[PDB]
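Student: Here you go, this is structure_28.cif (mmCIF, C-alpha atoms).
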data_target
loop_
_atom_site.label_atom_id
_atom_site.label_comp_id
_atom_site.auth_asym_id
_atom_site.auth_seq_id
_atom_site.Cartn_x
_atom_site.Cartn_y
_atom_site.Cartn_z
CA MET A 1 12.36 7.02 5.82
CA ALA A 2 13.51 3.45 6.40
CA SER A 3 14.26 1.60 9.63
CA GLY A 4 13.55 -1.61 11.53
CA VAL A 5 9.77 -1.32 11.45
CA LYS A 6 8.14 -4.70 11.94
CA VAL A 7 5.77 -5.93 9.24
CA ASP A 8 2.83 -8.00 10.46
CA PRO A 9 1.88 -11.23 8.60
CA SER A 10 -1.85 -10.81 9.30
CA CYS A 11 -2.23 -7.51 7.44
CA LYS A 12 -0.10 -8.91 4.62
CA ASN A 13 -2.40 -11.93 4.49
CA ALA A 14 -5.27 -9.46 4.28
CA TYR A 15 -3.60 -7.77 1.31
CA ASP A 16 -3.77 -10.94 -0.77
CA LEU A 17 -7.25 -11.57 0.61
CA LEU A 18 -8.54 -8.21 -0.64
CA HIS A 19 -6.45 -7.83 -3.81
CA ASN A 20 -6.74 -11.34 -5.25
CA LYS A 21 -9.39 -13.13 -3.20
CA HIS A 22 -11.50 -9.96 -2.95
CA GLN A 23 -12.55 -11.00 0.54
CA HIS A 24 -12.17 -7.42 1.69
CA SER A 25 -12.04 -4.01 0.04
CA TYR A 26 -9.89 -1.76 2.20
CA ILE A 27 -7.64 -2.21 5.19
CA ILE A 28 -6.33 0.52 7.47
CA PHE A 29 -2.90 0.18 9.10
CA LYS A 30 -1.37 1.67 12.23
CA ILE A 31 1.81 1.26 14.27
CA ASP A 32 1.18 -1.06 17.19
CA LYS A 33 3.30 -1.74 20.33
CA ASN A 34 6.49 0.08 21.33
CA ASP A 35 8.47 -2.48 19.34
CA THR A 36 6.83 -0.79 16.32
CA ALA A 37 4.78 -3.21 14.24
CA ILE A 38 2.55 -2.24 11.33
CA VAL A 39 -0.77 -3.94 11.99
CA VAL A 40 -4.46 -3.85 11.07
CA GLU A 41 -6.42 -0.83 12.25
CA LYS A 42 -9.63 -1.56 10.36
CA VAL A 43 -10.63 -4.00 7.65
CA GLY A 44 -13.63 -3.47 5.42
CA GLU A 45 -15.78 -6.11 3.75
CA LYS A 46 -15.72 -6.28 -0.05
CA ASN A 47 -18.94 -4.27 -0.32
CA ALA A 48 -17.99 -1.08 1.47
CA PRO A 49 -19.66 2.23 0.53
CA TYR A 50 -17.36 5.26 0.33
CA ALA A 51 -19.46 6.81 3.09
CA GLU A 52 -18.74 3.97 5.52
CA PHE A 53 -15.03 4.16 4.72
CA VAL A 54 -15.04 7.72 6.02
CA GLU A 55 -17.37 6.89 8.92
CA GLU A 56 -15.32 3.98 10.28
CA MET A 57 -12.05 5.91 10.08
CA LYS A 58 -13.57 9.19 11.31
CA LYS A 59 -14.42 7.84 14.76
CA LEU A 60 -10.97 6.39 15.48
CA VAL A 61 -9.09 9.55 14.49
CA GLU A 62 -10.79 11.99 16.90
CA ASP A 63 -8.55 10.80 19.77
CA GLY A 64 -5.68 12.93 18.51
CA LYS A 65 -3.45 13.73 15.57
CA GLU A 66 -3.35 10.13 14.42
CA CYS A 67 -1.65 8.83 11.30
CA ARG A 68 -3.27 5.88 9.55
CA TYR A 69 -2.37 3.99 6.38
CA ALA A 70 -5.11 2.88 4.01
CA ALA A 71 -4.83 0.31 1.25
CA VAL A 72 -7.98 -0.26 -0.79
CA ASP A 73 -8.44 -2.58 -3.74
CA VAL A 74 -11.18 -0.86 -5.69
CA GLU A 75 -12.23 -1.39 -9.29
CA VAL A 76 -12.86 1.94 -10.99
CA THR A 77 -13.98 2.06 -14.61
CA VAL A 78 -12.79 4.10 -17.58
CA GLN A 79 -13.44 4.13 -21.31
CA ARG A 80 -10.59 2.14 -22.85
CA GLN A 81 -9.58 -1.33 -24.05
CA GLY A 82 -11.59 -4.41 -23.17
CA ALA A 83 -15.00 -2.98 -23.92
CA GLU A 84 -15.99 0.23 -25.71
CA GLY A 85 -17.46 2.01 -22.72
CA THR A 86 -16.28 0.50 -19.46
CA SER A 87 -12.70 -0.56 -18.88
CA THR A 88 -12.64 -1.67 -15.26
CA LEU A 89 -9.41 -2.42 -13.43
CA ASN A 90 -9.01 -2.87 -9.68
CA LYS A 91 -6.06 -0.72 -8.73
CA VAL A 92 -5.16 -1.14 -5.08
CA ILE A 93 -4.10 2.35 -4.07
CA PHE A 94 -2.18 3.18 -0.91
CA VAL A 95 -3.36 6.42 0.65
CA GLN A 96 -1.56 7.37 3.84
CA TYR A 97 -3.60 9.68 6.06
CA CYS A 98 -1.40 11.91 8.19
CA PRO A 99 -1.34 15.65 8.88
CA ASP A 100 2.08 17.26 9.24
CA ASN A 101 1.15 18.46 12.72
CA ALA A 102 1.32 14.85 13.91
CA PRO A 103 3.64 14.18 16.91
CA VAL A 104 7.27 14.13 15.71
CA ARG A 105 7.92 10.93 17.67
CA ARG A 106 5.26 9.00 15.77
CA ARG A 107 6.07 11.14 12.71
CA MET A 108 9.59 9.68 12.60
CA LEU A 109 8.27 6.12 12.90
CA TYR A 110 5.70 6.99 10.24
CA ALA A 111 8.35 8.34 7.88
CA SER A 112 10.57 5.30 8.48
CA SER A 113 7.59 3.03 7.88
CA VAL A 114 7.09 4.30 4.33
CA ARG A 115 9.84 2.33 2.56
CA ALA A 116 9.17 -0.72 4.72
CA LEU A 117 5.51 -1.21 3.80
CA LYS A 118 6.06 0.12 0.27
CA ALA A 119 7.83 -2.96 -1.08
CA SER A 120 7.06 -5.49 1.66
CA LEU A 121 3.26 -5.23 1.35
CA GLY A 122 3.35 -6.03 -2.35
CA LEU A 123 2.62 -2.40 -3.13
CA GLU A 124 5.85 -2.27 -5.13
CA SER A 125 4.32 -1.15 -8.43
CA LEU A 126 1.32 0.44 -6.73
CA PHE A 127 0.79 4.15 -6.18
CA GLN A 128 1.18 5.91 -2.85
CA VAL A 129 -0.79 9.07 -2.13
CA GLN A 130 -0.64 11.33 0.93
CA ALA A 131 -3.59 13.04 2.61
CA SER A 132 -3.38 15.35 5.62
CA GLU A 133 -6.95 16.61 5.94
CA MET A 134 -10.32 14.87 5.77
CA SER A 135 -11.42 17.33 3.10
CA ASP A 136 -8.63 16.27 0.76
CA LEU A 137 -9.40 12.54 0.90
CA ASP A 138 -12.63 13.28 -0.96
CA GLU A 139 -12.97 11.39 -4.25
CA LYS A 140 -12.36 14.74 -6.04
CA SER A 141 -8.64 13.85 -5.87
CA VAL A 142 -8.42 10.16 -4.96
CA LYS A 143 -11.02 8.95 -7.46
CA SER A 144 -9.74 11.23 -10.22
CA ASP A 145 -6.05 10.38 -9.77
CA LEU A 146 -6.54 6.63 -9.43
CA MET A 147 -8.97 6.53 -12.38
CA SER A 148 -6.20 7.72 -14.68
CA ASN A 149 -3.43 5.38 -13.54
CA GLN A 150 -5.69 2.32 -13.68
CA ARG A 151 -3.95 1.26 -16.88
CA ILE A 152 -1.06 3.72 -16.76
#
Rewrite the structure of this file - the entire thing - as structure tokens.

Tutor:
Amino acid sequence: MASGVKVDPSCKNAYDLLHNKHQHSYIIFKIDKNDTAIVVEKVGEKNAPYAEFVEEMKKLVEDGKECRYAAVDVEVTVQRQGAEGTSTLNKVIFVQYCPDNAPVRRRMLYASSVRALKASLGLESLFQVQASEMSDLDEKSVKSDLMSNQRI
């Protein structure tokens, strides 16, 4: 669950860019090179419809049983403090997309990449969710779960 997985500066730069600078909305990560480096798979502009998020990722997954990490800084709204109606907080959620049937070789690197990116990407206090199928990544879970822990 932890090993010498290389963290890339570019994707980390993108984290601050999306989270604080709101230059981007989401960024997908994958393990690049044999020397194992976590790097950008796909970045999305600040205005990115939920449909396009699925679309862009959908096409790159069909090659095989691929595992991809997704960190998205999205502002969902609740009814709470701030204003009586809409309490909006951008909670950058980390949703790792990987079926269990993924190749054990990559699976091991994947598992050892978890702790590495967890703290190192500034996702220390942020939530980490797992999704194995494209049906499960539907807002029915992701939107609902994140909406609660916006201020929790």

Student: Go through A:28, A:72, A:11, A:5 and flag the residue nearest residue 60 of chain A, using only C-alpha atoms for the distances.

Tutor: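 Of the candidates, the smallest distance to residue 60 of chain A is held by A:28.
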
Student: Output the residue selection produced by the PyMOL selection byres ((chain A and resi 117) around 10) on the file above, formatted as a list in words.

Tutor: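 When the PyMOL selection byres ((chain A and resi 117) around 10) is applied to the shown file, the picked residues are residues 2, 5, 6, 7, 8, 12, 38, 69, 112, 113, 114, 115, 116, 118, 119, 120, 121, 122, 123 and 124 of chain A.
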
Student: Check the smallest atom-to-atom distance from each of A:46, A:76, A:13, A:24 to residue 150 of chain A using all atoms listed in the file, then report the winner.

Tutor: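 Looking only at the distances to residue 150 of chain A, the closest residue turns out to be A:76.
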
Student: Tell me which residues the PyMOL selection byres ((chain A and resi 131) around 7) grabs here, as a PyMOL selection string.

Tutor: chain A and resi 95-98+129-130+132-133+136-137

Student: Which residues, protein or nucleic acid, reach to within 12 Å of (10.6, 7.7, 15.7) in the file's coordinates when using only C-alpha atoms, and can you give that as a PyMOL selection string?

Tutor: chain A and resi 1-5+31+34-36+102-113

Student: Set the distance at 7 Å and use all atoms listed in the file: which residues neighbour residue 74 of chain A once local chain neighbours fewer than 6 positions away are removed? I'd like the list as an MDAnalysis selection string.

Tutor: chainID A and resid 25 90:92

Student: What is the distance between atom CA of residue 134 of chain A and atom CA of residue 19 of chain A, in Å to one decimal?

Tutor: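 Distance between the two atoms: 24.9 Å.
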